[PDB]
Structures are given as C-alpha cells and as structure tokens.
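S.K.: Heads up: the sequence lines are chains W, E, P, L, U, Z, S and X, in that order. The working numbering puts the first residue of the first sequence at 1, with every later residue one more than the last. The working numbering puts the first residue of the second sequence at 1, with every later residue one more than the last. The working numbering puts the first residue of the third sequence at 1, with every later residue one more than the last. The working numbering puts the first residue of the fourth sequence at 1, with every later residue one more than the last. The working numbering puts the first residue of the fifth sequence at 1, with every later residue one more than the last. The working numbering puts the first residue of the sixth sequence at 1, with every later residue one more than the last. The working numbering puts the first residue of the seventh sequence at 1, with every later residue one more than the last. The working numbering puts the first residue of the eighth sequence at 1, with every later residue one more than the last. This is the structure I have questions about; it appears just below.
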Amino acid sequence: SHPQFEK
Amino acid sequence: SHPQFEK
Amino acid sequence: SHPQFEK
Amino acid sequence: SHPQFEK
Amino acid sequence: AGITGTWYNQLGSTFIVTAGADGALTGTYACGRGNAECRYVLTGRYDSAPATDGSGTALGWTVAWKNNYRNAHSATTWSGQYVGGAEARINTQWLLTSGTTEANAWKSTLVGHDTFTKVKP
Amino acid sequence: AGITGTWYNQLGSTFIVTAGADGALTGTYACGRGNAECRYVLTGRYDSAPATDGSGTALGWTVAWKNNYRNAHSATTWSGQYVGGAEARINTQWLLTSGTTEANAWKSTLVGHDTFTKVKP
Amino acid sequence: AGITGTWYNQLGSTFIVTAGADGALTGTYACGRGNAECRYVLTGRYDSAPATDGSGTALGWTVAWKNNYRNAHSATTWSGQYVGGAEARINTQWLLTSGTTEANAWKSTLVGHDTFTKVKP
Amino acid sequence: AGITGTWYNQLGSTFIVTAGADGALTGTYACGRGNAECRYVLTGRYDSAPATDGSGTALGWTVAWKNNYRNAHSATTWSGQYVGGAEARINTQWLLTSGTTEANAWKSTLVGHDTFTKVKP
C-alpha cells in the first residue's frame, strides 16, 4: 500500500 | 470531433 | 502550437 | 520482474 | 470468461467483442447510434486463465479509426481489466494517437479513461 | 506499409509483425533472447491508408502476458505511430495493466514509452 | 476562482488548497482519516484567467510522499481542470512515480484518474 | 540534492529549479530562446531524503501556461525521478491538460515523456 490510497 | 466520441 | 514546445 | 522487460 | 458480449461506456459508445478460448479478442467498436458509418474493427488480447483470488482479468484492444466511410488517421488502445459479478465492468485507460509530422508529435497522443458496463448509461 | 517485419526497442525486446492489407496487425513479442518461454501473441490495428503529407501512420497493439510457460496476469497496449524513411521508427506509449483486487486497483496500471527501430540497440 | 477549499476524491482522500491571485496552488493532501501521519504538502499552479466560454480552468499539482512520519520515495502529479457550477468538480489524471534503480525503471510510474468533488463520496 | 540548476529537454526547452531543503521545487520553464514571452512559473515537490541504494529521487512539477504575455488555458505536470552520476538526468512523463467545455473533455489531456540533461541537446 501507498499513502495516496491508505484510509 | 473524433469517431471515438461522436454520437 | 503550444508554449511547452515553441522554439 | 515482468516478461515485457526480461532479457 | 464473461467478457464476450456488448459493453457500453459512460458516453454510450458500445463495443461488441468475442473472447476466444485462446486469449483472442475480436469485434467492433461503434458510436451509440450504431450506424455502419461509425463502426470500426477492434482486435486485442486477454488473460484466458486469470487468478481465482478475486482479481480482475487483464485485457487490451486497439481500434484504428479507419472504416469504409472515414479515416481519422488515428488509433486508440484501451488497457484495463474485466471485473465480474452482478455488476460486471471493464475498467480502462486509453491512449489515442494520431499520425503527425515530427513537428506535431507533441500533440500526437491523448489520454483518458473508460468504464464499460453491461447496461447503458 | 513499411510496418511488416522485425522491430527492436531500446531495451532489446523485439516484436515481429505482419501488417495486413486490411489494417490488421498480427505477430509475436519476445525478449531479446527470443526463446519460446518469452514469446507472446500480439494483435492490433493500423491506419492502412495514411496521409501522404509526411505524417506518421497511427497504430496500436496488445500483448496479454500469458503463453504456454507463464502467466503474468497482465496485458500491455502500445499506442503510437510509424515514421518511415532511411531511419524508420515506431514511436509509442504503453499501458501495462495487471489484474488486481478492487483494493489494489490503484497499482493496476503502469505507463511508459518505447521507440522501436529496424536495427538493434 | 472556486478552487480554494476542500476537495474529496471518490476514495475519500482529501486535499485542501489555496488558489492564489497569481496562479499559485498550495495546501495539503490527506487520507480521509486526516491524521498528521497521512498529511503531505501539495504545491501546483492553475490558470488564473480562464476562458469565460464555459471551459474548465486548467491546473495541476504535486505531492512528494514524504512527511515527518513516512517516506514512500515517490511523488504524484495530478493534471486536470476545474469545472464550476452547482456540482463543481476537478477532473484529473495522475502519474505516481517511485524512485527506482535503472533496472526497475519499467515499474517506476503508475497512471490513474481522480474526480474531486466538494462533498464526500 | 543535485537537482538545483538548469535542465534541458531533448527539444531544447529549459527549466531552472531550486530544490529546497524542505522538499520544495520552485523556478521557471522556458523555450530554448529564453525570452520573457516564453518563461513560465514552475512549482513542485521532490523526495528530500531519497534511498541510498542507487534509486532515483522522485519529483514532479507543474507549469500553468499563463504569463504576462500569453495564456494557453492549459497546464502540464511532469512526474519522474532524478538520477545522479556523471551523466545526471531527470526522466519524466507528462500530462498537458487544456480547459475545455464538457463536450471537448475527450481531447483535454495530452501525454508524452521528457528526458532532461544538464547539457543541451
């Protein structure tokens, strides 16, 4: 995962 | 316009 | 033409 | 790796 | 593979495709009106043995914008994946390239995205 | 159309294509080593009646990354144009999409570019 | 310019931006939870004198995915246009590039699209 | 960070950028002629603490194509990575979006790539 898409 | 998008 | 590519 | 780029 | 059949984008363009056992995609891309003048050949490929982990099925296809009526000197590829279920979709990004002189290469290729569904917009 | 034949990208991958009179592209994409294990089917389309104003010829093709040896659950489309002359080239941008779960859709599609020439890098 | 304020994508990520008189964009991109750990700086530019013919307003911005908590060694640009009205939106395509070794350059850049609205998904 | 300074693309456009300690990119993009009429503001971000494993340094920037002389109602983002060494480069893909009416959204965004070097083409 990547911070552009983390909840 | 272009046939990819014409109605 | 467009300034990204003009000489 | 991926077959698009494997040697 | 659930891919074979008629798909509609959110602008109401349509393509009909046959997914072959072998991984072949063949069919036709048309304007929503569907007259001969706006139909074009479509060929591509898909993953004929996708994962069974709930992943989509990868595919892509190309349309050269030339038929017996019209030549837009251009061609679009759609790259994406098929997602099955009660609300099947094909999620895509596309590249439309026109033939240009070397001067005009900068403006040769447009980019965009399409979601295809089994039902019209 | 000058398209038929063997093309090499700058990484030394190769594809061989037959341009049909009708606008069909068919052939094979391979790693530079060229062994069976790294060959994949390629299908696409091209503008079979390009402008004669010195414009390139628009085309695109798809490879699904599945053969008898390997399945990368993915597919690449190249969108671009063929430019003739003593130093012919095919200038392209590509989209590589992998099958993903809906969570992993964000990382589904890579983008890049390839220049193909008639001679190896 | 109607751009200043809080925008939400369809995954529920958010950014807050100030559009400067001069064409500057500055603010912060965050995960929908909005904790410090998921906030990142955002800088960009926009057309501060758009057409009045009903065209959108062109813009773009960048986020480097490094803050005091995390470094994903990567950066995303969004390129798009702002469309005003009762249902304002910012329609975008993005490129996420990670730092790679030259071997891994092929997988360096993901592509996708985002629609931002004034109201959450 | 080796990023600060003057960079040239293969068409001979130039930008000058200052990489700030903080991760800020600021400067100017110009045509190779470099006259005031063809200079535009550039702002972006970069990874100010890249990996030391031989990976590139991720960055991106935006130029809105408006200055005191010209408004092309458009904006380009470059997304890429900086690669140091005796032959430093910045490898990029870009998205140029123009403001359009909703009808003309299809043709709103061009895509392409640029390699910047420290020395002219």
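Every residue gets a Cβ at the ideal spot worked out from N, C-alpha and C, and that includes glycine.
Is DSSP giving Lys118/U helix, strand or coil here?
M.R.: As a position in the fifth sequence, residue 118/U is number 118, starting the count at 1. Residue state, collapsed to three classes: coil.
S.K.: Output the boundary residues of the beta strand (DSSP E) element that contains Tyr46/S.
M.R.: As a working mapping, residue 46/S is identified with position 46 in the seventh sequence. First-last of the beta strand (DSSP E) with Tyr46/S: 39–46.
S.K.: The beta strand (DSSP E) spanning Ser1/P covers which residue range?
M.R.: As a first step, residue 1/P must be located in the third sequence, where it is residue number 1. Here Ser1/P belongs to no beta strand (DSSP E), and DSSP marks it neither H nor E.
S.K.: Here's the rule: buried if 16 or more other CB atoms are within 10 angstroms of the residue's CB, otherwise exposed. What is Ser13/Z?
M.R.: As a working mapping, residue 13/Z is identified with position 13 in the sixth sequence. The residue in question, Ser13/Z, is buried, as its Cβ has 16 or more Cβ neighbours within 10 Å.
S.K.: With DSSP as the reference, please indicate the residues paired to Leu96/Z in a beta bridge.
M.R.: Within the sixth sequence, residue 96/Z is the residue found at index 96, counting from 1. According to DSSP, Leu96/Z bridges with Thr76/Z, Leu110/Z.
S.K.: Here's the rule: buried if 16 or more other CB atoms are within 10 angstroms of the residue's CB, otherwise exposed. What is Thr100/Z?
M.R.: Sequence index remark: in the sixth sequence, residue 100/Z carries index 100 (1-based). So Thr100/Z counts as buried.
S.K.: Since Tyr29/Z and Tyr40/Z should fall inside the 8 Å C-beta cutoff, what is the C-beta to C-beta distance between them, to a whole number of angstroms?
M.R.: In the sixth sequence, counting from the first residue as 1, residue 29/Z sits at position 29. In the sixth sequence, counting from the first residue as 1, residue 40/Z sits at position 40. The Cβ separation is near 5 Å, so the contact holds.
S.K.: Would you list, in chain order, the members of the stretch 8–24 of chain U that have their beta-carbon closer than 9 Å to a beta-carbon of chain E?
M.R.: Taking 9 Å as the Cβ-Cβ cut-off against chain E, the residues of the stretch 8–24 of chain U that qualify are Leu11, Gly12, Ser13.
S.K.: How far does the beta strand (DSSP E) with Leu25/Z in it reach, from first residue to last?
M.R.: In the sixth sequence, residue 25/Z corresponds to position 25, counting from 1. Its beta strand (DSSP E) spans residues 24–30.
S.K.: By the three-class DSSP mapping on this structure, what secondary structure does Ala64/X have?
M.R.: In the eighth sequence, the residue the question calls residue 64/X occupies position 64. In this structure, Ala64/X counts as strand in the three-state DSSP scheme.
S.K.: May I ask you to list the residues that DSSP assigns as paired with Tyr82/X?
M.R.: Within the eighth sequence, residue 82/X is the residue found at index 82, counting from 1. Partner(s): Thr57/X, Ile90/X.
S.K.: In chain L, which residues lie less than 8 Å from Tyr40/Z when you measure between Cβ atoms?
M.R.: For the purposes of this step, residue 40/Z is taken as residue 40 along the sixth sequence, with counting starting at 1. Going along chain L in sequence order, the residues near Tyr40/Z (Cβ under 8 Å) are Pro3.
S.K.: What do you get for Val119/S, buried or exposed, if any count of 16 or more other CB atoms within 10 angstroms of its CB means buried?
M.R.: Position 119 of the seventh sequence, counted from the first residue, corresponds to residue 119/S. Classification for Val119/S: exposed.
S.K.: Can you name the residues of chain X whose CB is closer than 8 Å to the CB of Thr109/U?
M.R.: As a first step, residue 109/U must be located in the fifth sequence, where it is residue number 109. Within chain X, the residues near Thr109/U are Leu110, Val111, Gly112.
S.K.: Need the endpoints of the beta strand (DSSP E) that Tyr8/Z sits in, please.
M.R.: In the sixth sequence, counting from the first residue as 1, residue 8/Z sits at position 8. Start and end: 5–8.
S.K.: Would the beta-carbon of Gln93/Z fall within 8 Å of that of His113/Z?
M.R.: Numbered from its first residue, the sixth sequence carries residue 93/Z at position 93. Numbered from its first residue, the sixth sequence carries residue 113/Z at position 113. Taking 8 Å as the Cβ cut-off, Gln93/Z and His113/Z qualify as a contacting pair.
S.K.: By Cβ distance below 6 Å, which residues in the same chain neighbour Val83/X in space, the five residues on each side in sequence not counted?
M.R.: Sequence index remark: in the eighth sequence, residue 83/X carries index 83 (1-based). Taken in chain order, the residues that qualify are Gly56, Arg89.
S.K.: Beta carbon of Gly44/X, beta carbon of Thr62/X: below 8 Å?
M.R.: On the eighth sequence, position 44 is the one that residue 44/X refers to. On the eighth sequence, position 62 is the one that residue 62/X refers to. Cβ distance < 8 Å, so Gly44/X and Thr62/X count as in contact.
S.K.: Tell me the DSSP secondary structure of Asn35/Z in three-state form.
M.R.: Here residue 35/Z refers to the residue found at position 35 when the sixth sequence is read from its first residue. Coil.
S.K.: When you compare only the Cα positions, how much space is there between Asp22/U and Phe15/U?
M.R.: Translated into the one-based positions of the fifth sequence, residue 22/U becomes position 22. Translated into the one-based positions of the fifth sequence, residue 15/U becomes position 15. About 20 Å.
S.K.: What residues from chain P crowd round residue 127/X, counting only those whose CB sits closer than 7 Å?
M.R.: Residue 127/X lies beyond the range of chain X shown here (1 to 121); nothing can be said about it.
S.K.: Among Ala64/U, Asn68/U, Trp65/U, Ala24/U, which one has its Cα closest to the Cα of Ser48/U?
M.R.: Residue mapping note: residue 48/U aligns to position 48 of the fifth sequence, counting from 1. The shortest Cα separation from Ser48/U among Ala64/U, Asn68/U, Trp65/U, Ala24/U belongs to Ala24/U.
S.K.: Just confirm the distance between the C-beta atoms of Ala58/Z and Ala75/U, as a whole number of angstroms; I'd bet it's less than 8 Å.
M.R.: The residue you call residue 58/Z lines up with position 58 of the sixth sequence. The residue you call residue 75/U lines up with position 75 of the fifth sequence. That pair is a contact at about 4 Å.
S.K.: Quick one: what's got a C-beta closer than 8 Å to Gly34/Z's C-beta in the same chain, skipping five residues either side?
M.R.: Here residue 34/Z is taken as the residue at index 34 of the sixth sequence, counted from 1. Same-chain partners within the cutoff: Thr14.
S.K.: Using a Cβ cut-off of 8 Å (strictly closer), state whether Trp61/X contacts chain E.
M.R.: The residue given as residue 61/X occupies position 61 in the eighth sequence. For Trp61/X, the answer is no, since every Cβ of chain E falls outside 8 Å of its Cβ.
S.K.: So, with DSSP's three-state summary, where would you put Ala21/S?
M.R.: By one-based count along the seventh sequence, residue 21/S stands at place 21. Here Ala21/S sits in coil by DSSP.
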